[PDB]
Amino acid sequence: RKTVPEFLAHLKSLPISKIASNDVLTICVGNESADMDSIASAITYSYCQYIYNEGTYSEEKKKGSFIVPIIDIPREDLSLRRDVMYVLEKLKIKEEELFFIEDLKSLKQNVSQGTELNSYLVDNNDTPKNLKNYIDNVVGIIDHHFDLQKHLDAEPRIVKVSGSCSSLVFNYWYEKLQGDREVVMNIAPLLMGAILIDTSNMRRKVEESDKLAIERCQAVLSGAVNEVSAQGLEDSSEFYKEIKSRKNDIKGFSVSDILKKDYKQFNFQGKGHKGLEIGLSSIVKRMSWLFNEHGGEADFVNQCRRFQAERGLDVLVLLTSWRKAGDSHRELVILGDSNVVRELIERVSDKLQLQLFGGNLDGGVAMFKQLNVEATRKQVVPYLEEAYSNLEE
């Protein structure tokens, strides 16, 4: 019975032909932002599949093959997620045991050209754009984002409301593993990392899936007890503070690091035959902090324009958020051609309750207080998409 690092090291020790089966190599990948949820969900799916197939739950059912968990970023970018590093350290998962974009490319390169590369998707429901030329078929989906209604024949195909995708992944596998306590012990830090960050320690965005996953972890982590003490929840709170603090820590990172470490890119289809290439970076510190840490407004904006150019974007959006004295604050900063950016912002300003504090839409760089403090990137993207659909051409 291998632990999670032992399972990962075992995959690393195998020839690709023993990972693949009948000319199919199967992976599981999260989304291009590679946050805690994407990383935890991918590793969990893959590890649970391994345990399931090796065990007696799968008897008189038949056993597939290994699933390689993928983290969809360059290996070097892992360190930008200090919260994730901390949680991986708790499980003794070494970075050299994990599989990143480089590894997936080496896989695709080192396997025969006739071998199909099929993917489970977790924390997304269509293939990340950067992997479209690597992945042949989507075979299963577990996600909690807007349902794009693709891959309707996926097995499983779970796209449902959840604070954390990881809750859905875990509950799915927990049933199949008949509550296997060892598995739960072996993944709990990674699972709870994702659930607690995504739900702000089970205080925001909580759904029945998250409540169930937590209940299941508590039962195991407690073991045999005559009464339930406060200690488990106290430990959960200390762990939350550690991960939240580290997610909130971007000191010492470059502007490019900050922009790329929680980033999603889209192409919006509009009335024009050419779409809008748009990237959105979600950031944990306010603009004045960012400026002060990065040589000032001018220097900071210069580095943003560089990142925009490098990623081939028509529009770059920065979404900041933070909490102070118990209250949420948000800002939205947009960079792009004055025409498109003015029209987009003018169409979403009411819903997002945007108040200009710097720049000018006509210059193509503008900075807004966002008084709709409930709206995250998950909401902002469709608002912008709708706005873009209304633009003439």
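Start at 1 and count along the sequence shown; that's the residue number.
- Taking the recorded C-alpha temperature factors, which stretch has the higher mean, 91-99 or 215-223? Stretch with the higher mean C-alpha B-factor: 215-223.
- Query: So 125-133 or 74-82, which one's hotter by mean CA B-factor in the entry?
  - Reply: Averaging CA B-factors over each stretch, the winner is 125-133.
- Task: Specify which of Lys264, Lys247, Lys241, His273 carries the largest Cα B factor in the deposited PDB entry.
- Result: Of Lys264, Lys247, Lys241, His273, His273 has the highest C-alpha B-factor.
- Message: For the CA B factor values reported in this entry, which option in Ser112, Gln308, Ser237, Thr199 has the top one?
- Response: The C-alpha B-factor peaks, among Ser112, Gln308, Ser237, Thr199, at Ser112.
- Message: Ranking the modelled residues of this chain by C-alpha B-factor as given in the entry, is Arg157 in the lowest, middle or highest third?
- Response: CA B-factor rank for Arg157: lowest third.
- Message: Ranking every modelled residue in this chain by its Cα temperature factor as given in the entry, which third contains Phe368?
- Response: Lowest third of the chain for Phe368's C-alpha B-factor.
- Task: Could you look up the Cα B-factor of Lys251 in the entry and say which third of the chain it sits in: lowest, middle or highest?
- Result: Middle third by C-alpha B-factor.
- Among all modelled residues of this chain, ranked by Cα B factor, put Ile345 in the bottom, middle or top third, i.e. lowest, middle or highest. Ranked within chain, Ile345 CA B lands in the middle tercile.
- By its CA B factor, does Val228 count among the lowest, middle or highest third of the modelled residues in the chain? Highest third of the chain for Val228's C-alpha B-factor.
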